[PDB]
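Chain by chain, the residues run as shown.
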Amino acid sequence: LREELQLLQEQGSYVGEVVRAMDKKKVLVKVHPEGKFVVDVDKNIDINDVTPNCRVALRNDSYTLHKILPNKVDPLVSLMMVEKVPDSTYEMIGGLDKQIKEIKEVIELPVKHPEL
Amino acid sequence: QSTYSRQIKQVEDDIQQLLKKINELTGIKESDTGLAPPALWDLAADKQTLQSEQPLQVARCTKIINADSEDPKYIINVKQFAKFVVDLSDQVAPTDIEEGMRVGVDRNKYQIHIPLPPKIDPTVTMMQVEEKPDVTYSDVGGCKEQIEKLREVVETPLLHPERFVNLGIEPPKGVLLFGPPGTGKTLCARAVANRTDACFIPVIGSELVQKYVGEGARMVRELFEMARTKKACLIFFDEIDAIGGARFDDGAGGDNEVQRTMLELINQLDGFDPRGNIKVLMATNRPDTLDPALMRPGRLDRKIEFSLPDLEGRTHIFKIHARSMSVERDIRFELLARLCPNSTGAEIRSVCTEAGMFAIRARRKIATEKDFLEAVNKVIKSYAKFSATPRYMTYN
Amino acid sequence: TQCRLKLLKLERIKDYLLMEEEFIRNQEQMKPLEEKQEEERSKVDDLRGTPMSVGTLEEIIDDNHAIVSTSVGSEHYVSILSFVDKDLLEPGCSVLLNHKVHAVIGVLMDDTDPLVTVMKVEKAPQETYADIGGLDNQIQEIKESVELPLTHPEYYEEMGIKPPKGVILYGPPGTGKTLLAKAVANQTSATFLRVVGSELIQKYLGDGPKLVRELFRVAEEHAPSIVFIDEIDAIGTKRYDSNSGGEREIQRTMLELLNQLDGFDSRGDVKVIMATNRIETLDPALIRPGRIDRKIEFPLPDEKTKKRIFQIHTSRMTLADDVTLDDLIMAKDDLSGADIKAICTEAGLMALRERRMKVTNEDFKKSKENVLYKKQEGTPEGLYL
């Protein structure tokens, strides 16, 4: 408990994500509400144990990395959620049974198996 | 020899391994140092590092009002648009910073070390700029009637204002060069530019239009002024239907963004002041889009039409072009030009280019009659229908 | 020839060995590089420290200062740091700044944008050269213009003309105008940049001409190049009325391409092959002879040209005696190369509907009807003939 206040008090923190990871032992991170910064790697997380577009934590005024958040973030993943895929099954829609066959062949078949 | 060959392959790996040591000493990548000029600069450089002269944040001074607490203060508005009241760092006098002038302030300590050069905020306009270009003098047709008319207005005050004052003639201002694409408004302007040997800034208006309404306008005034200050400047404004279009709105659109900039150019040429002796040339793609302010004499003294180069011009472009080229000389260069229909300048040259290509194709030290006939019969049929001129000329 | 290779090699051996020799040996002996060489390495590394703010080099000023605009929302007129060179900061490249006090520590990054990525298109096409049969003359014309000066510019610039550039591809659409640029591009081995003409007019205001500059600038840097501009016909045909940039946007874009092409810029090694429907529907500003020396008009494809293209597609397709090429070609009129491609692609698709992985004479006969209607359709024309 004694120790917790010392750990707890810190300059602050930031949340960025790795845009790119160099071969120069610096990592390119964009902190979310500010610009991009190029910073040296920490002990815990560096270039070999990171893959880009992995959200990573920073401890402020040094921007050294703490722990890797296992979740991935891209602009594309949020977009998908916001637009929202429908609930309605082809059955529900039906009476368009003649239509579900026609659409199926051109859209669905080449994405599922482009191999064929 | 064999030993020497081995090194060719090798040097590439050898530079890659060494690369952290190269980077530090010569430059680029890890520890960028040039070693030749930053070394020499190093003693002066130490003064700046010690001070808060880094940062020295981009700003322009609104007003130099001094006030109490720390006496030498200036009221500045930064280029990102918020004002700070700042201090003077001792290294200049309050005289050096002046109202409206561009100035540097710190971000960590807000104070002026050295004032920032005024009016050089467009980078976009600079992108296009090549000073004194020209394809080669031979493609022009050399001295045409068109070139000579252009020199009287253009060359002569830049070269000598002395002769102007002596005779007692007002110095000219504006030449308006017009015609549909490819009648060479830009080609002739480059040729006179080189001859006069005045510094030459040509610019496309399409980069002095950028972001929203009013930012492009700031770029045009500052650029123009800067040139005006400069003694013996020639500005060739290249293709303006991008700061030169029609004036209207209909309230389902609007030409505004274009008109703000166009009007800003027009205003500046003579000014509300007498006139300078620094020349402006405008190249326009339509004579149908121009408003009367631009047309007034003293912002446009004589109108010269470079549209569809003249009867003399069609033959000169082929022969002066032909002169340069290795071609047959038993064919009349004028016959090929004459065949060309209502020829734009670009079109006359198109015959020479197509004619020569066949000759290069063979790899002869001349050309033959056959190369010329296929070229010219092809040009008369197809190209002429497909020129700029049938569509544009009726409109204009 | 061989002797030359030895001379070139001569500069390069000395460059690697000298840099290696000098760094280590000179800190060791007397005081030449010595204290000064450590000093540059150390000072830059400490100032840079953690973190560094990224900025972009807008301009360089002659008085040991520069205009950097930083990615923190503030612009700076920086002062140069001791032992960093002003004149190694490219206007193409972005520079790294120490984020405590703004001075250029150095360039570890040149940075990258999604804007670059549009211009650069890599091609590795299913159909390429010798997968096109017939219309043999049309390929030879293209090459005299594009391939021959691009490979060997030396005579062409030397004779006195600017090098003949490009070709304009017009006539009946469908001849195989798109295949031809991609195929010739492999033979010459020119970097193939593909960008649509309609993509250049977009919502954003003033981004439109800037993009066109980038398209040309990147083509030039890559070195041998051809820019295939697909569907350029599009700017002219449509006054879109769906862009906030408006009629203003269309105007300013159209001029910039002309500027970048030749202009006063007069860039070389950049051929533009223009794909259009017709050049009678194309915008009159853009079109004009003497930027493009040669124009090619394809004839209507005949029965004869059609057989050679089909033999190739038959080779790519499942092999059988139930493939009947001749019948389909004969039935059809004097009409495009595209159709030969369409009959083969629709035939495979058609098979999947059946629950068959076979493409037989039945899939083809059904395919002949749809392809023929869509493309031009013979039953209107039969009356007029």
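Everything below is about the structure printed above this text.
Residues numbered from 1 in each chain as written, not as in the entry; some residues may be left out. Chains lettered and ligands numbered in written order. Part of a larger assembly, values for the part shown. Heavy atoms only, no water.

Peer 1: Where do I start with the overall build of chain C in this structure?
Peer 2: Across its full length, chain C carries 15 helices and ten strands. Dimensions of chain C, computed from the C-alpha atoms along their principal axes, are close to 95 × 55 × 55 Å. In chain C, which comprises 385 residues, the share counted as buried stands at 54%. Within chain C, counting contacts between residues at least 6 apart in sequence, those at least 24 apart form 70% of the total. Each charge sign in chain C was given a centre, from 52 positive and 69 negative side chains, and these centres are 4 Å apart. (Helix = DSSP H or I, 4+ residues; strand = E, 2+ residues; numbered from the N terminus. Buried < 20%, exposed > 50% of the residue type's maximum accessible area, 1.4 Å probe, protein only. Contact = heavy atoms within 4.5 Å. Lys, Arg positive; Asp, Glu negative; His and termini not counted. Charge placed at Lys NZ, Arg CZ, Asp CG, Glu CD.)

Peer 1: I'm lost on the packing of helix α5 (residues 145-159) of chain B against helix α7 (residues 185-196) of chain B in this one. Help?
Peer 2: Residues and elements named next belong to chain B. Where α5 meets α7, the closest approach of the two axes is 10 Å, and the angle between their N-to-C directions is 35°. Judged by the twist between their axes, the crossing of α5 over α7 is right-handed. Across from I147, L150, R151, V154, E155, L158 and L159 in α5, the residues of α7 making contact are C188, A189, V192, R195 and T196. Counted by class, the contact of α5 with α7 contains eight nonpolar, one polar and three charged residues. (Axes fitted to C-alpha atoms, helices over the stretch in contact; angles between N-to-C directions. Left-handed = near helix turned anticlockwise from the far one by under 90°. Nonpolar A, V, L, I, M, F, W, Y, C, P; charged D, E, K, R; others polar.)

Peer 1: Is there a simple way to think about the interface of chain B and chain C in this case?
Peer 2: Accessible area lost on assembly of the parts is the figure often given for the size of an interface. Listed per partner, the contact involves 112 residues of chain B and 98 residues of chain C. Both faces considered, chain B and chain C share a buried interface measuring about 9,400 Å² in area, 56% of it formed by carbon and sulfur atoms. Summed over the three residues of chain B that lose the most area to chain C, namely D32(B), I360(B) and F386(B), the buried surface amounts to 8% of that side. Between chain B and chain C we count ten salt bridges in total. With a closest N to O distance of 3.5 Å, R12(C) and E12(B) form a salt bridge. Counting the contacts that link chain B with chain C gives 28 residue pairs in polar contact. Top contributing element to the side of chain B that touches chain C by residue count: helix α13 (residues 345-362) of chain B, with 13 residues. Looking at side-chain class alone, the side of chain B that touches chain C contains 46 nonpolar, 34 polar and 32 charged residues. (Buried area = accessible area lost by both parts, 1.4 Å probe. Salt bridge = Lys/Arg side-chain N within 4 Å of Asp/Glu carboxyl O. Polar contact = N/O pair within 3.5 Å; in protein donor to acceptor, adjacent residues only side chain to side chain.)

Peer 1: Would you mind going over helix α1 (residues 2-25) of chain B with me for this structure?
Peer 2: Turn by turn, an α-helix covers 3.6 residues, leaving residues three or four places apart pointing in a common direction. Taking 1.5 Å per residue, 24 residues should reach 34 Å; α1(B) reaches 32 Å between its end C-alpha atoms and fits that length. Of all the bends in α1(B), the largest measures some 65° and sits at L19(B). Every buried residue of α1(B) is accounted for by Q7(B), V11(B), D14(B), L18(B), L19(B), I22(B), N23(B), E24(B) and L25(B). Close packing links the buried residues of α1(B) with α1 (2-28) and α2 (34-48) of chain C. A positive phi of about 135° marks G27(B), the residue just after α1(B). (Expected span 1.5 Å × (residues − 1). Bend = angle between axes of the 7 residues up to and from the residue.)

Peer 1: Help me out: how do you make sense of the side chain of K295(C) in this one?
Peer 2: With respect to the element layout, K295(C) can be found in the loop between β9 (270-275) and β10 (296-297). Buried and without a salt bridge, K295(C) has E347(B) as its closest oppositely charged side chain, separated by 7.7 Å.

Peer 1: Just to check I follow, could you spell out the pattern of salt bridges for this structure?
Peer 2: When charged atoms on two side chains of opposite charge get close, those side chains can pair. Taken as a whole, this structure holds 58 salt bridges over all chains when the rule is applied. Two residues, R151(B) and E155(B), come together in a salt bridge whose shortest N-O distance is 2.9 Å. Pair noted here: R151(B) and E155(B) are both in helix α5, with a separation of four residues, about one helical turn. Classification of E155(B) by relative accessible area gives buried; the value is 10%. Connected through shared salt-bridge partners, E354(B), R361(B), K378(B), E141(C), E144(C) and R294(C) make up one network.

Peer 1: What should I look at first to understand the sheet that holds strand β8 (residues 233-238) of chain B in this one?
Peer 2: Two modes of strand pairing occur in sheets, parallel and antiparallel, and in both the strands are linked by backbone hydrogen bonds. Residues and elements named next belong to chain B. Strand order across the open sheet formed by five strands is β7-β8-β9-β6-β10, with parallel pairing between neighbours. Lying at the two open borders of the sheet, with one neighbouring strand each, are β7 (199-204) and β10 (302-305). For this sheet, the mean angle separating the axes of adjacent strands, direction not counted, is 20°. For β7 and β8, the ladder comprises six bridges, and the chain directions are parallel. Note on β8: the bridge partner recorded for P202 is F236. (Pairing = 2+ DSSP bridges.)

Peer 1: Help me understand the nonpolar core, please; the structure alone is not making it clear to me.
Peer 2: The tendency in soluble globular proteins is for nonpolar side chains to be buried side by side. Formed by 33 residues in total, the largest nonpolar core has its most connected members in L257(C), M274(C) and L286(C). For this core, the secondary structure elements donating two or more residues are β6 (167-170), β7 (191-196), α8 (207-222), β8 (225-230), α10 (246-261) and β9 of chain C. Ranked by the residues each element gives to this core, the list is headed by α8(C), at six residues. Setting aside residues no more than four positions away along its own chain, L257(C) makes contact with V212(C), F216(C), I229(C), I232(C), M274(C) and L286(C). Counting 29 residues, the second largest nonpolar core, distinct from the first, contains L336(B), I348(B), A359(B) and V379(B). (Core = buried A, V, L, I, M, F, W, Y, C linked by side-chain atoms within 4.5 Å.)

Peer 1: How do you make sense of the pairing of strand β1 (residues 58-63) of chain B when you look at a structure like this?
Peer 2: Sheet faces and side chains relate simply in a regular strand, where the side chains alternate between the two faces. Residues and elements named next belong to chain B. Two elements, β1 and strand β4 (residues 102-104), share three bridges in a ladder whose sense is antiparallel. Opposite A59, over in β4, you have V103 as the bridge partner. Sheet analysis places β1 next to strand β2 (residues 73-78), joined by four bridges and oriented antiparallel. Counterpart to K63 in the pairing with β2 is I75.

Peer 1: Looking at this model, I keep getting lost on a nonpolar patch on the surface. Mind explaining?
Peer 2: Residues and elements named next belong to chain A. Nonpolar side chains collect at one region of the surface, where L76, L79, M81 and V82 lie side by side and expose about 470 Å² of accessible area between them. Relative to the helices and strands, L76 resides in helix α2 (residues 75-83). We classify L76 as exposed; its relative accessible area is 60%. (Patch = residues over 30% accessible without salt bridge, like charges linked within 9 Å, V, L, I, M, F, W, Y side chains within 5 Å. Areas by Shrake-Rupley, 256 points an atom, 1.4 Å probe, with all protein chains shown as cover.)

Peer 1: What exactly am I supposed to notice about the environment of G12(A) here?
Peer 2: Residue and element names in this part refer to chain A. Here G12 is to be found in the loop between α1 (4-8) and β1 (13-21). Along the sequence, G12 and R59 sit 47 residues apart, while their C-alpha atoms lie 6.4 Å from each other. Leaving out residues up to four positions away in the same chain, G12 has contacts with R59 and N60.

Peer 1: Just to check I follow, could you spell out the environment of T289(B) for this structure?
Peer 2: Residue and element names in this part refer to chain B. For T289, the location among the structural elements is in the loop between β9 (279-284) and α10 (292-295). In the structure, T289 is positioned 44 residues away from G245 in sequence and 5.5 Å away in space, judged by C-alpha atoms. Excluding its chain neighbours within four sequence positions, the residues that come into contact with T289 are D241, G244, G245 and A246.

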